[PDB]
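Below you'll find the structure, written out as structure tokens, and then a few comments.
Quick note on labels: first sequence line is chain A, next is B, and so on, each numbered from 1.
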Amino acid sequence: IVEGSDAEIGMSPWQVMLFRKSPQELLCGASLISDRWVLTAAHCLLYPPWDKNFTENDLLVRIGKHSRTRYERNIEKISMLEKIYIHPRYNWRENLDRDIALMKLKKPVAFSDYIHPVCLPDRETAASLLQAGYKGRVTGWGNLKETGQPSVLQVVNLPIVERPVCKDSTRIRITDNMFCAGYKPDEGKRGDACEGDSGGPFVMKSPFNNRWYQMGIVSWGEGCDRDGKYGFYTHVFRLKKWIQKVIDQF
Amino acid sequence: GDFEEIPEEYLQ
Amino acid sequence: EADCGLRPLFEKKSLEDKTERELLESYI
Ligand SMILES: Oc1ccc2c(Cc3ccc(OCCN4CCCC4)cc3)c(-c3ccc(OCCN4CCCC4)nc3)sc2c1
Ligand SMILES: *[C@@H]1O[C@H](CO)[C@@H](O)[C@H](O)[C@H]1NC(C)=O
Ligand code: NA
Ligand code: NA
């Protein structure tokens, strides 16, 4: 995260760390949506252009963390994966359309003050909250600047940006399955996600029922915190059907 | 810096 | 999940975090 601040203890109990077995390293962010399911971006697991193609046995999921590198004894829980599900129509060749993946844990994790799932939006929550100008929150242990690492989880709040503006800021063809967020050059406030943060959650707090909803998944951007550029996120509600499908069937 | 040693039980 | 999105150390204790007010104020 660029231009964010240290998170408070227990501020994002659904935040998950995707960790590589060997060499041991931070790969991406992710989120806990139930006792046995983790949501992340497909590009974190599969992206041929960068020779990336991980399987269940290649990594670990670490839940309830705050510190980036310390093994937080008696607090964090480390879990193994049983199966990975990448969206059948994930478009990694062109624009990362449908950048989404589900991961099934080998055994359920027990909740605590530091581990708790986030809600998935319903049509009404999405229709009501996904509006230009409304702010969401992004969290992660990623890079602090484009071109180092934080000591503890970082957080930043960013406004959703008008579709036309998102479109006119890049050459990439953007779809209905994505939205962009960030401050404009004239707003006098900065902030963005960066390398290591992708796959992480973009959440919003409903003012109707006071719950936190994951509206997006950090998907892609061109650089980090560059003026006139914006971070792009996977539209979780537009893809909810597939999510329920996988969970209900598997 | 680099990460800290996590229990062996999680690497098998 | 039944109590999804309600944090043990915040919503459940009726305590607010440092910047959530910023989000709520943006929701006209
Ligand atoms: O706001 C955001 C949202 C997401 C990201 C991401 C993810 C991200 C960005 C771009 C992308 O691919 C190319 C972009 N096109 C794909 C479709 C549309 C545009 C896919 C994911 C960043 C990132 C991550 C790894 C990397 O190291 C490269 C160095 N790698 C070589 C091997 C491993 C490290 N460089 C930047 S920066 C950033 C800011
Ligand atoms: C990625 O790994 C899987 C499983 O090992 C393999 O079947 C597939 O051919 C690999 N490559 C791609 C691009 O999926
Ligand atoms: Na364009
Ligand atoms: Na920007």
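Applying the side chain to side chain contact (heavy atoms under 4.5 Å, CB included) test to A/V2 and every residue at least two apart in sequence or in another chain returns A/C194, A/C224, A/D225. Applying the ring-ring contact (aromatic ring centres under 6.0 Å, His included) rule to A/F250 yields the partners A/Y85; only residues at least two apart in sequence or on another chain are considered.
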Show me the donor-acceptor pairs under 3.5 Å between chain A and chain C.
unit_1, atom_1, unit_2, atom_2, d
A/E8, OE2, C/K18, N, 2.5
A/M11, O, C/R7, NH1, 3.0
A/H116, NE2, C/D3, O, 2.7
A/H116, NE2, C/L6, O, 3.2
A/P117, O, C/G5, N, 3.0
A/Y134, OH, C/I28, O, 3.0
A/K135, N, C/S26, OG, 2.9
A/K135, O, C/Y27, OH, 3.0
A/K135, NZ, C/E22, OE2, 2.8
A/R137, NH1, C/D17, OD2, 2.9
A/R137, NH2, C/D17, OD1, 3.1
A/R137, NH2, C/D17, OD2, 3.4
A/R137, NH2, C/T19, OG1, 3.1
A/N157, ND2, C/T19, OG1, 3.2
A/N157, ND2, C/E22, OE1, 2.9
A/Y183, OH, C/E22, OE2, 3.3
A/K205, NZ, C/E11, OE2, 2.6
A/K205, NZ, C/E20, OE1, 2.8
A/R211, NH1, C/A2, O, 3.0
A/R211, NH1, C/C4, O, 2.8
A/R211, NH2, C/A2, O, 3.3
A/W212, N, C/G5, O, 3.0
A/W212, NE1, C/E11, OE2, 2.9

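Counting all heavy atoms, side chain and backbone alike, A/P207 lies closest to C/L24 at CB-CD1, 3.9 Å. For the pair C/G5 and A/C119, the tightest heavy-atom approach, listed with the atom from each and the gap, is N-SG, 3.5 Å.
Residue A/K241 qualifies as open at atom NZ: its count of foreign heavy atoms under 6.0 Å is 12 or below.
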Name every donor-acceptor pair, under 3.5 Å, that has one atom in a side chain of residues 231-238 of chain A and the other anywhere in the protein, sequence neighbours excluded.
unit_1, atom_1, unit_2, atom_2, d
A/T234, OG1, A/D99, O, 2.9
A/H235, ND1, A/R238, N, 3.2
A/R238, NH2, A/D176, OD2, 3.4

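Contact of A/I33 with chain C is made through the backbone alone, with heavy-atom distances under 4.5 Å.
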